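Right, one structure below, let's go through it.
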């Protein structure tokens with residue numbers, strides 16, 4: 001499947017694409033404001049994620065650091081990034097279907113729209129000003145708004161026992177972005193699409 005990744009933000013982001021144990025396509029690249037980056041993702045890919053990283057510095061060997069979403073210091077991500085990271089999540093060709101969502105379970109850094117460019121399903125969006133509204137205890141100095149699990153490391157916020165409820169903190173993400181996962185056991189906002197659909201991820205889809 002084909003994903004076009006478009007930076008509509010006024011600032012540069014460093015896109016990243018990974019399935020956790022391996023890069024998807026090149027795994028990462030710089031996107032200046034307006035740039036689009038087309039990647040191919042193998043059919044049957046399970047647990048793929050795309051995210052933006054902000055304020056990165058990389059040397060000529062692709063090694064460095066980002067203030068949000070850093071994946072162990074690499075331009076080309078093999079692993080998932082450090083929170084806070086708004087996440088586009090997908091599992092492809094799973095019994096004839098594609099499954100897509102946006103998640104705030106690992107916090108939020110950049111607003112995002114995740115839409116099919118082919119027929120037969122709707123997209124999802126989390127485009128509210130979560131960083132500006134972020135509760136004081138969840139603010140990340142680097143920028144971004146952390147999830148409560150990352151900050152506090154409790155069983156309730158992390159849903160370690162497989163039973164947990166919504167919290168003051170998850171309700172904040174949910175009030176601003178009803179279409180994104182706000183905690184591990186949130187009512188699913190997954191969208192089912194035809195197997196082998198193609199997609200566009202747009203950073204800062206509004207402004």
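All of the numbers you see were taken from the coordinates with simple rules; none came from a lab. Counting neighbours? That spans all protein chains shown, and the Cβs are built from the backbone with ideal geometry, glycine included.
Please grab the % of Cα pairs in the chain that end up more than 25 Å from each other.
Value for the chain: 33 percent of Cα pairs lie more than 25 Å apart.
Would you mind ranking 172, 181, 90, 108 so that the residue whose beta carbon has the fewest other beta carbons within 10 Å leads the list?
172, 181, 90, 108
Once the piece of chain linking residue 163 and residue 136 is laid out straight, how much longer is it, given 0.36 nm per residue of separation minus the C-alpha distance between them?
That works out to 7.1 nm of additional length.
Can you put 163, 97, 49 in order of Cβ neighbours within 10 angstrom, beginning with the fewest?
163, 97, 49
Starting from the Cα-Cα distance between residue 115 and residue 61, subtract it from 0.36 nm times their residue separation and give me the gain in nm to one decimal.
Using 0.36 nm per residue and subtracting the Cα-Cα distance, I get 16.1 nm.
Quote to one decimal, in nm, the extra length available between residue 36 and residue 78 on full extension: 0.36 nm per residue of separation minus the C-alpha distance between them.
13.0 nm
Normalised by the residues of the chain, what does the relative contact order come to in percent, with Cα pairs under 8 Å and at least six apart?
Across the chain, relative contact order equals 23 percent.
Please arrange 101, 70 by counting, for each residue, the other beta carbons lying within 10 Å of its beta carbon, fewest first.
Ordered by Cβ neighbours within 10 Å, fewest first: 101, 70.
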